[PDB]
Amino acid sequence: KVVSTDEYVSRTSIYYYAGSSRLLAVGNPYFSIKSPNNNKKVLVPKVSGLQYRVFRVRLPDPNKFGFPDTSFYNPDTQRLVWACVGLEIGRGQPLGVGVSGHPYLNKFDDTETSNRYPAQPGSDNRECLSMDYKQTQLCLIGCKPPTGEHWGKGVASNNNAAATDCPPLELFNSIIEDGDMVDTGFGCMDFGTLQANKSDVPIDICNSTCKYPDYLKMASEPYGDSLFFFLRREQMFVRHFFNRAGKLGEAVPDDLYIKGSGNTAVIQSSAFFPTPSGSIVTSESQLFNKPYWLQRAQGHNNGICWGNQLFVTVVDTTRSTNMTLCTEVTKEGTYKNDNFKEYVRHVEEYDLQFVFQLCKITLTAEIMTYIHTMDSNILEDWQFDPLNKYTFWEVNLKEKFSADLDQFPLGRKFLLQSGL
Amino acid sequence: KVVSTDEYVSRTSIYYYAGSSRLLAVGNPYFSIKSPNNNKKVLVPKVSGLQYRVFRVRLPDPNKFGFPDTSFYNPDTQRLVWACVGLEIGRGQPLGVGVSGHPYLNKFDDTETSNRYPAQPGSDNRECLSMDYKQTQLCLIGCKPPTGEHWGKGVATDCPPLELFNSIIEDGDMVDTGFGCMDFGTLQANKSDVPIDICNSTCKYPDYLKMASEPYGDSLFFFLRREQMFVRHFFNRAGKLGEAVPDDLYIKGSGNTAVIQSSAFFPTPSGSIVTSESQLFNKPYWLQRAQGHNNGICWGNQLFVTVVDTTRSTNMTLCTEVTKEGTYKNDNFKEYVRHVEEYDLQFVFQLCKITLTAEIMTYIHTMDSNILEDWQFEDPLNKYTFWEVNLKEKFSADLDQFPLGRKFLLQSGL
Amino acid sequence: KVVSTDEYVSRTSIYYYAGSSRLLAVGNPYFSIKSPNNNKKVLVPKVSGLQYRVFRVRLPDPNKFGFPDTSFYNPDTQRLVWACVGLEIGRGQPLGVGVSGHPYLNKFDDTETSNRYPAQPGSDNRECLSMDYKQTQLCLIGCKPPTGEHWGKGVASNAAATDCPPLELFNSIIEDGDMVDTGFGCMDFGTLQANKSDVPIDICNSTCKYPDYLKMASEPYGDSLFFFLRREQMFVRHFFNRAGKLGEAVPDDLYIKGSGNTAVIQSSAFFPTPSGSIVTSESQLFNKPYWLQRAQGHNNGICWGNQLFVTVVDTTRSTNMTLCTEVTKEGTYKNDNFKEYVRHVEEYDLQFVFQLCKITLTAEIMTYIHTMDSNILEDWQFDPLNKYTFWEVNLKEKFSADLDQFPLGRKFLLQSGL
Amino acid sequence: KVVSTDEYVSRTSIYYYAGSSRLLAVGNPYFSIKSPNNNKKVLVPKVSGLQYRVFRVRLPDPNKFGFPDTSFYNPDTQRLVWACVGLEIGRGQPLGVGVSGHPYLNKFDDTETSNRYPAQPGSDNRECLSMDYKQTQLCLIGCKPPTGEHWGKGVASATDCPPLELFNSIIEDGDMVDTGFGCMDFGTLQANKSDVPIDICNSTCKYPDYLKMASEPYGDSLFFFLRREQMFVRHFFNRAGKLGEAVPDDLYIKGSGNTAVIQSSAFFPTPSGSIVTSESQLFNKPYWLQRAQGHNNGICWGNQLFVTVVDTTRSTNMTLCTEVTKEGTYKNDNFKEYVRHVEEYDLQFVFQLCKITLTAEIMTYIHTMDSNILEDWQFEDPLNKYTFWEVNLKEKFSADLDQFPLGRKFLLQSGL
Ligand SMILES: [Mg+2]
Ligand SMILES: [Mg+2]
Ligand SMILES: [Mg+2]
Ligand SMILES: [Mg+2]
Ligand SMILES: [Mg+2]
Ligand SMILES: [Mg+2]
Ligand SMILES: [Mg+2]
Ligand SMILES: [Mg+2]
Ligand SMILES: [Mg+2]
Ligand SMILES: [Mg+2]
Ligand SMILES: [Mg+2]
Ligand SMILES: [Mg+2]
Ligand SMILES: [Mg+2]
Ligand SMILES: [Mg+2]
Ligand SMILES: [Mg+2]
Ligand SMILES: [Mg+2]
Ligand SMILES: [Mg+2]
Ligand SMILES: [Mg+2]
Ligand SMILES: [Mg+2]
Ligand SMILES: [Mg+2]
Ligand SMILES: [Mg+2]
Ligand SMILES: [Mg+2]
Ligand SMILES: [Mg+2]
Ligand SMILES: [Mg+2]
């Protein structure tokens, strides 16, 4: 049924470079700040190293592009499309690690070395704690937005009496949007719905959904439009061991321990949870600021940018430093806490660089039938929308294409790579 | 006496792809929840990153498969069998690490830096502690279920006699965690010396030496393994010391130091860091030349894929609000723990034919009398627990339509 | 339209070696000691392993240089320029790690494991703490000084919800003595942290700069980066929070309010301390030759204006030495009888191999060079950098044609087969 | 003078496989439990991951072996000997790390961050502490038992410090490897029995004398060896007891008042071997003994072979607990705690048959090298006083190499 694009897409010797120039995002890493009463107007966006960046790269329609000489194809019988053959994800700002926390984290005891009986809980024993998250680098490239997976609240059958009030778990797929949170060491789950107390994870995810890329689904899709290519590097270890306050929903069964007495009469909560740590960041392990040459994709789509668009998805927690800002409210000769206000800001700097190869397609009755079943919108647009409900970082390159490759960094690299 | 399958199994140019699609397991990482109607029925299974996953992969009988053209062999004199030539173990979910513990762990003192005399008094000094286990990745492939080794109570100091037991590793068996491959249920009577997810369980380690040395090599067509741990903390045990330190190894104390402290030490392990670069999975294995004599031949039209992967052992915190109120109160919330595992098994099989001469029939009959009987020329494994993966209806000849199929075609130049 | 220097710069077989000999800097790692009342009289300079070292390397003008035989070009139509083809940044002193701190660091609570309610009272809870910074090695070489990036206060200008300072990304020339980022970011701490206590004293009144690699790599002519190497690393050693008012409160949808003991919310103004971790010989970028054969940009090592800029950060020798003087000698130890000092030193040895080049100044090439930099033709007869601070390295009298008499020269001859 | 065995040992195309099958040791990692009846009889042996395992592998005498066809040599002028050309040290049990300790360790103060004045020990300040030792993997192969080095007390001969002497000895099965406290006779050099954990405090820890074994003329001790050691300092303590050598006065300014009584500078660290990983394993893989660095290229003179192993990467000690009295609530006195350690080995060999023509020149050469070779050939045993793990392969030699794991690996690797 499905065939490689190499069998019906003809490559030309025409190459073009396109660069986004510097892209900047500046905001609060823990939450967005709204303007009242407009609870829907964002004054300060949420900008965090733990966010997916999903760039929707717009390319100029090659069939309406002003080429100096169009004698390389026949518009009566052929249509043009761009193919991505080179990519470099520029990253500015120094390497660094940010931290996240909760002024009311649901941590009760430290359970690593000393947690003797008896335990005297109360009604509110939450603590103001912070941590450094799991480290993640990844880059996804395709002509279709990426698919994520996360656990959310499912539906339980009301037939039989519930042996547990644990919420039912369902694995959801969804498009990863720009700004979505990556998993941080506590799983890819909807914390807003599955953690009702709002205190079991830090505030930058406690009311969010953390998504993980569904690599298995995207790799098995027939046409392979999601993953032309990808890199990923994750790492974490357990930094600390705590337990939760609150009622233990599922009691330890009686065959797993001998009951205590006296000091040990009242069993402590075995609702354990670890804190993650991403450990060290290093230049040597960087995935970015280096060229990717998309020569042969594992899927059937070998870098063909159908619809004259492209999707670059990035996670990079190796520059997650959060800057401390401090203003002086009242100037005095001696230090007073109440004379200053503390703020936290995070920034992200990208510079997307591309090398595109012009391709032509001879529209025979057989190829037209193939492309129609693959995606009818391809032929319609060639003259031979539903993604607007999602949020992407728009990168318009319609006016950025240049045939002079050697005038740009990645272009020079491609010419040396290809022998041109 | 034993010969390579290459000498009597003839290979064809017929290849088939088969995949299980997404396989999900969801449950409680520490213990199963039983039905209120029948305490022997499991309602929420025990699902842990420290379990063996033993998939029993069922293949369609090629001698009864609906091939469009059968002119490539003669059923009057030959029989067919699949050979596994490629495998990829897909693993979903993010990398991560879970923890396990015990509300009444038998830890007495911390013996790392400061543990002066006299020793604390007590009849129950257990503590509520947790830890992160030794890290293990492994994959085993064969047409016979894997054999594990573990220590149990043997046959008869009052120390229990130790016996090394071999057994089939079943789906859901626990891997060793840093405290050894032993039957903790029978060898630790107090139920408090290891966390609750293994204190009433048996931890098994693969008996690689036994499996590699078997004549026909049905157990290990191929395997990979990566273990790691270090000692995170140093504790000692409460309870009477069964074997006192001999008098020639110390000068006796006196007064405050007269009552010797327990030298029943035990460490807590740690698996350290998990990293993408160390992953054994999500990559193709090409089973070209097995070290044993069975070069990937799936006798009985079945295949066993055994996996341990603790690098995705995250345990999710879930919390329900029993009573909604404007200020926080612990009694208004219930805390739960759940763990998930996501697999996607992908295979490439090669059709093979065997000419059943008097010499080959004799050889095979001695190897496994069931083979010829099932060929027309009660299953002893049904008492064991595996995760059956039924690929009877999943075989396809269009390799290039699937990820592993495309990798195989490039690898082999086809 | 920019073209490679290979297309209009002709290479000769003339090579010269030049070395700076030993370069030493000695001072206080945390601050300069100025004259009691005089501002521009520095008694002890600030010298730290966290400083950029930016060497402005002066070369002899080849058009005025006394070659033993000048019969290799035509002054009527050609001019000469040096090309850098070999470099080794010599580093003395042992590998080591220094620490920096603040006697009044704005650390309130340790938020790693135990930080229960209620919050401690007080108007000044600052503490005397130190830390070891993010580790950085880097070397940049070009004929133009490097460009840095850092965050500073932007236009005042979005005020009803927050009074946070406006942020703007500023580009500037990195000067000798500028501070590299340390784990708290590349920002102007002097203006953006008004309490002067949120970072150690060696950066709290300074601007930390990070090289703007992206800008320097995309400049049309490529004069900034003939070649560069970089190696950064850090992890989070500790977790603290800040004292002072929280400027942007946590939205109410991210938590359930406390009560009684937990009624007054603690500060979520968290901040980590960095650690550069281990330094090792095998990770060194220095004390090894770099052969500048083919640059990534269009300037393939051409030292226009007869100068060269070598920029270095090297925190792997950041040991700060303890010095103690005895004011009064007595038979028993008394703290008041001694004075404690801290000193840091840096030892460099810059080594170069240069290749003489000639340019035939045709009408086409003259037009190209004039558009590139009009000073080139004017200086040939065919300074806006003085407002900046650099470590001046004068090699005008250091050029030698006897390459095999010097370490890097022998390495060059062996490398090229000459 | 000394020449390679390649010059006078003729190689045949006859190969044989032999394996020990599973070898198991089970015991107490800290001490043996002696005769519950009488006499030096061990009921529970000392079995530790920090012990040397020295296997004395006995081969069948090829000059008396039942070869199906003996026309390949002439016993009137030739004798046969085995040469080792392949080995694999099988290791069972999971990777892991054990700990060792002392209920009365001579640790006084923690000297890492806070150790203020004044500080004087009482009469008994010992503590119940444990630690994880330096990590060591090593394997040595030869036809002669390995030589170890260790420090002991020298001759009696401004200080009362015991004289030190470097001793050489044969490493015996069960000997302790160095653990991070050095290769010394702790039994004689630490008279208080509390300065190191109980599993070495009355033992001698030996280190292989690589330099002595590599320089021996004939090279019988080390056909081949691998080693991997590692440790860091986990904690810093000092000792109680009188400091034998006071710090000289020129190295400090005296204290006064509460600092007038100087604290002991008898420091000592605790080691840690750090992480164990599969990727660092030396075992469970074949060694092809193709070209030895010494002159003996794998010739098993006397029809025996010595395989020495240290492997602390499976040093897990198992906890066992018996219930003396069953009750509905937990009580410490109702249970007894035990510690057990196990070791699992599977030694696999490929041997190549060799013949030696006994010319006048070779007989003289072999007689000077070792006269017993010719005597046993007919052309007591001083090693019986030592303790080795005996591995009898006399009945285990097989010519069907492809029926066994290492045989198949050897055939595939050699192109046979
Ligand atoms: Mg296109
Ligand atoms: Mg959801
Ligand atoms: Mg939500
Ligand atoms: Mg599992
Ligand atoms: Mg993955
Ligand atoms: Mg107890
Ligand atoms: Mg058992
Ligand atoms: Mg066994
Ligand atoms: Mg064997
Ligand atoms: Mg078989
Ligand atoms: Mg991994
Ligand atoms: Mg996970
Ligand atoms: Mg897992
Ligand atoms: Mg040096
Ligand atoms: Mg406090
Ligand atoms: Mg910029
Ligand atoms: Mg270094
Ligand atoms: Mg050098
Ligand atoms: Mg330095
Ligand atoms: Mg003095
Ligand atoms: Mg070695
Ligand atoms: Mg091994
Ligand atoms: Mg092996
Ligand atoms: Mg061991």
# chains A, B, ... in the order shown; residues from 1 in each chain; ligands from 1
call {"tool": "residues_around", "arguments": {"residues": "region 188-205 of chain A", "least_positions_apart": "4", "cutoff": "6 Å", "atoms": "only C-alpha atoms", "output": "ChimeraX atom specification"}}
result
/A:30,101-102,105-106,150-152,183,209-212 /B:318-321 /C:254-255
call {"tool": "residues_near_ligand", "arguments": {"ligand": "ligand 17", "cutoff": "10 Å", "atoms": "only C-alpha atoms and all ligand atoms", "output": "MDAnalysis selection string"}}
result
chainID C and resid 95:96 135:137 231 278:286 314:317
call {"tool": "write_last_selection", "arguments": {"atoms": "N, CA and C atoms", "output": "CSV table (one decimal), in the first residue's frame"}}
result
chain,number,residue,atom,x,y,z
C,95,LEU,N,45.9,22.1,38.3
C,95,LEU,CA,44.5,22.1,38.3
C,95,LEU,C,43.9,22.2,39.7
C,96,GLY,N,42.8,22.9,39.8
C,96,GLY,CA,42.2,23.1,41.1
C,96,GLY,C,40.9,23.9,41.0
C,135,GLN,N,31.6,25.0,36.2
C,135,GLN,CA,32.9,24.9,35.6
C,135,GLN,C,32.8,25.3,34.1
C,136,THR,N,33.7,26.0,33.6
C,136,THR,CA,33.8,26.4,32.2
C,136,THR,C,35.2,26.5,31.7
C,137,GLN,N,35.4,25.8,30.6
C,137,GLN,CA,36.6,26.1,29.7
C,137,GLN,C,36.1,26.6,28.4
C,231,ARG,N,33.6,23.9,27.0
C,231,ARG,CA,33.2,22.7,27.8
C,231,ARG,C,32.7,23.3,29.1
C,278,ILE,N,34.0,17.8,39.2
C,278,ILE,CA,35.4,17.5,39.2
C,278,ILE,C,36.1,18.1,38.0
C,279,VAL,N,37.4,18.5,38.2
C,279,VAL,CA,38.3,18.9,37.2
C,279,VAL,C,39.3,17.8,36.9
C,280,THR,N,39.6,17.5,35.6
C,280,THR,CA,40.4,16.4,35.3
C,280,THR,C,41.3,16.8,34.1
C,281,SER,N,42.5,16.2,34.1
C,281,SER,CA,43.5,16.5,33.0
C,281,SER,C,42.9,16.1,31.6
C,282,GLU,N,42.2,15.0,31.6
C,282,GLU,CA,41.7,14.4,30.3
C,282,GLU,C,40.7,15.3,29.6
C,283,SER,N,40.1,16.3,30.4
C,283,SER,CA,39.1,17.2,29.9
C,283,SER,C,39.7,18.5,29.5
C,284,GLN,N,41.0,18.7,29.6
C,284,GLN,CA,41.6,20.0,29.3
C,284,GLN,C,41.5,20.4,27.8
C,285,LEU,N,41.2,21.7,27.6
C,285,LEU,CA,41.2,22.2,26.3
C,285,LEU,C,42.5,22.9,25.9
C,286,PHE,N,43.4,23.1,26.9
C,286,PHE,CA,44.6,23.9,26.8
C,286,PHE,C,45.8,23.1,26.8
C,314,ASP,N,38.9,29.7,31.9
C,314,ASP,CA,39.4,28.4,32.4
C,314,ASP,C,39.3,28.4,33.9
C,315,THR,N,38.2,27.8,34.4
C,315,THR,CA,38.0,27.7,35.8
C,315,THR,C,38.6,26.4,36.4
C,316,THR,N,39.4,25.7,35.6
C,316,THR,CA,40.0,24.4,36.1
C,316,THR,C,41.2,24.6,36.8
C,317,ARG,N,41.7,25.9,37.0
C,317,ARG,CA,42.9,26.2,37.8
C,317,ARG,C,42.5,27.3,38.8
call {"tool": "residues_around", "arguments": {"residues": "residue 15 (chain C)", "least_positions_apart": "2", "cutoff": "8 Å", "atoms": "only C-alpha atoms", "output": "list in words"}}
result
residues 13, 17, 353, 354, 355, 356, 401 and 403 of chain C
call {"tool": "residues_near_ligand", "arguments": {"ligand": "ligand 1", "cutoff": "9 Å", "atoms": "only C-alpha atoms and all ligand atoms", "output": "ChimeraX atom specification"}}
result
/A:59-62,80-84,304-310,356,358-359
call {"tool": "write_last_selection", "arguments": {"atoms": "N, CA, C and O atoms", "output": "mmCIF file, in the first residue's frame"}}
result
data_model
loop_
_atom_site.group_PDB
_atom_site.id
_atom_site.type_symbol
_atom_site.label_atom_id
_atom_site.label_comp_id
_atom_site.auth_asym_id
_atom_site.auth_seq_id
_atom_site.Cartn_x
_atom_site.Cartn_y
_atom_site.Cartn_z
ATOM 1 N N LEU A 59 6.753 27.275 5.211
ATOM 2 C CA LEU A 59 7.621 27.417 4.057
ATOM 3 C C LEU A 59 6.863 28.051 2.895
ATOM 4 O O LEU A 59 5.641 27.903 2.789
ATOM 5 N N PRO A 60 7.551 28.765 2.005
ATOM 6 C CA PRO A 60 6.866 29.312 0.830
ATOM 7 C C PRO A 60 6.464 28.205 -0.128
ATOM 8 O O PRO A 60 7.194 27.230 -0.322
ATOM 9 N N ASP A 61 5.281 28.354 -0.716
ATOM 10 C CA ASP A 61 4.796 27.393 -1.696
ATOM 11 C C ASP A 61 5.736 27.391 -2.898
ATOM 12 O O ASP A 61 5.831 28.402 -3.605
ATOM 13 N N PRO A 62 6.449 26.292 -3.166
ATOM 14 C CA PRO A 62 7.376 26.292 -4.310
ATOM 15 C C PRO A 62 6.679 26.425 -5.651
ATOM 16 O O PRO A 62 7.307 26.889 -6.611
ATOM 17 N N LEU A 80 5.657 20.952 -7.372
ATOM 18 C CA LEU A 80 6.869 21.087 -6.580
ATOM 19 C C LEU A 80 6.560 20.956 -5.095
ATOM 20 O O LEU A 80 5.442 21.223 -4.646
ATOM 21 N N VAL A 81 7.573 20.536 -4.338
ATOM 22 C CA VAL A 81 7.473 20.428 -2.888
ATOM 23 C C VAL A 81 8.883 20.520 -2.327
ATOM 24 O O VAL A 81 9.851 20.115 -2.976
ATOM 25 N N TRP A 82 8.999 21.061 -1.119
ATOM 26 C CA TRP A 82 10.283 21.149 -0.443
ATOM 27 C C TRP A 82 10.574 19.862 0.318
ATOM 28 O O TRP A 82 9.665 19.176 0.793
ATOM 29 N N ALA A 83 11.859 19.541 0.423
ATOM 30 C CA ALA A 83 12.332 18.434 1.241
ATOM 31 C C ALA A 83 13.414 18.960 2.169
ATOM 32 O O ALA A 83 14.295 19.709 1.736
ATOM 33 N N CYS A 84 13.341 18.582 3.441
ATOM 34 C CA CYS A 84 14.328 19.010 4.421
ATOM 35 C C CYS A 84 15.493 18.031 4.412
ATOM 36 O O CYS A 84 15.305 16.831 4.640
ATOM 37 N N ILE A 304 9.981 14.781 3.203
ATOM 38 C CA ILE A 304 9.153 15.587 2.314
ATOM 39 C C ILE A 304 8.206 16.426 3.164
ATOM 40 O O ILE A 304 7.463 15.894 3.995
ATOM 41 N N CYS A 305 8.234 17.742 2.956
ATOM 42 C CA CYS A 305 7.444 18.673 3.763
ATOM 43 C C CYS A 305 6.125 18.980 3.052
ATOM 44 O O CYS A 305 5.904 20.060 2.501
ATOM 45 N N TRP A 306 5.233 17.992 3.079
ATOM 46 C CA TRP A 306 3.910 18.173 2.499
ATOM 47 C C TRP A 306 3.210 19.364 3.145
ATOM 48 O O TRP A 306 3.394 19.656 4.330
ATOM 49 N N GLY A 307 2.396 20.055 2.352
ATOM 50 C CA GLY A 307 1.714 21.236 2.839
ATOM 51 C C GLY A 307 2.596 22.446 3.026
ATOM 52 O O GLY A 307 2.137 23.449 3.582
ATOM 53 N N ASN A 308 3.854 22.383 2.586
ATOM 54 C CA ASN A 308 4.771 23.520 2.671
ATOM 55 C C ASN A 308 4.947 23.984 4.115
ATOM 56 O O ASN A 308 5.059 25.178 4.394
ATOM 57 N N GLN A 309 4.968 23.029 5.045
ATOM 58 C CA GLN A 309 5.153 23.334 6.455
ATOM 59 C C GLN A 309 5.985 22.234 7.099
ATOM 60 O O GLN A 309 6.207 21.166 6.520
ATOM 61 N N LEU A 310 6.434 22.507 8.320
ATOM 62 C CA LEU A 310 7.358 21.629 9.017
ATOM 63 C C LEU A 310 7.189 21.852 10.512
ATOM 64 O O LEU A 310 6.874 22.961 10.949
ATOM 65 N N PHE A 356 16.911 23.220 2.575
ATOM 66 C CA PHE A 356 15.836 22.547 1.866
ATOM 67 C C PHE A 356 16.269 22.202 0.447
ATOM 68 O O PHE A 356 17.039 22.932 -0.184
ATOM 69 N N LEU A 358 14.726 21.227 -3.357
ATOM 70 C CA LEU A 358 13.523 21.316 -4.170
ATOM 71 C C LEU A 358 13.266 19.990 -4.875
ATOM 72 O O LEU A 358 14.182 19.377 -5.429
ATOM 73 N N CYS A 359 12.010 19.550 -4.847
ATOM 74 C CA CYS A 359 11.613 18.283 -5.441
ATOM 75 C C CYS A 359 10.421 18.498 -6.360
ATOM 76 O O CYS A 359 9.629 19.425 -6.173
#
call {"tool": "residues_around", "arguments": {"residues": "region 294-303 of chain D", "least_positions_apart": "3", "cutoff": "6 Å", "atoms": "only C-alpha atoms", "output": "list in words"}}
result
residues 4, 5, 59, 61, 82, 83, 84, 143, 218, 219, 220 and 223 of chain D
call {"tool": "residues_around", "arguments": {"residues": "region 296-313 of chain C", "least_positions_apart": "3", "cutoff": "8 Å", "atoms": "only C-alpha atoms", "output": "ChimeraX atom specification"}}
result
/A:409,412-413 /C:2-6,49-61,81-85,136-146,180,217,220-223,225-227,292-293,376,379
call {"tool": "residues_around", "arguments": {"residues": "residue 169 (chain C)", "least_positions_apart": "6", "cutoff": "10 Å", "atoms": "only C-alpha atoms", "output": "JSON, numbers by chain"}}
result
{"A": [24, 347], "C": [149, 150, 151, 152, 153, 154, 186, 187]}
call {"tool": "write_last_selection", "arguments": {"atoms": "N, CA, C and O atoms", "output": "compact mmCIF listing (two decimals), in the first residue's frame"}}
result
# COMPACT_ATOMS: atom_id res chain seq x y z
N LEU A 24 13.18 34.39 21.04
CA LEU A 24 13.29 34.59 22.47
C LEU A 24 11.93 34.42 23.14
O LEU A 24 10.91 34.86 22.62
N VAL A 347 14.31 32.40 30.70
CA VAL A 347 14.38 32.80 29.30
C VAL A 347 14.80 31.60 28.46
O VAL A 347 15.44 30.66 28.94
N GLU C 149 26.63 38.14 25.49
CA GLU C 149 25.22 38.38 25.75
C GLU C 149 24.98 38.35 27.26
O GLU C 149 25.62 37.58 27.98
N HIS C 150 24.07 39.20 27.72
CA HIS C 150 23.68 39.22 29.12
C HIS C 150 22.35 39.94 29.24
O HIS C 150 21.98 40.74 28.37
N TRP C 151 21.64 39.65 30.32
CA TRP C 151 20.35 40.26 30.58
C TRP C 151 20.52 41.45 31.51
O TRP C 151 21.22 41.36 32.53
N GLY C 152 19.89 42.57 31.15
CA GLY C 152 19.89 43.76 31.98
C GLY C 152 18.50 44.36 32.04
O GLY C 152 17.55 43.82 31.47
N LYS C 153 18.40 45.48 32.74
CA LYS C 153 17.12 46.15 32.90
C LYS C 153 16.71 46.82 31.60
O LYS C 153 17.49 47.56 30.99
N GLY C 154 15.48 46.54 31.15
CA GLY C 154 14.96 47.10 29.93
C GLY C 154 14.18 48.38 30.17
O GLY C 154 14.21 48.97 31.26
N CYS C 186 23.67 34.70 32.93
CA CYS C 186 24.40 35.84 32.38
C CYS C 186 23.49 37.06 32.50
O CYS C 186 22.64 37.30 31.64
N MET C 187 23.68 37.83 33.57
CA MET C 187 22.82 38.97 33.83
C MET C 187 23.62 40.04 34.56
O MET C 187 24.70 39.79 35.09
call {"tool": "residues_around", "arguments": {"residues": "residue 290 (chain C)", "least_positions_apart": "2", "cutoff": "8 Å", "atoms": "only C-alpha atoms", "output": "list in words"}}
result
residues 86, 87, 88, 288 and 292 of chain C
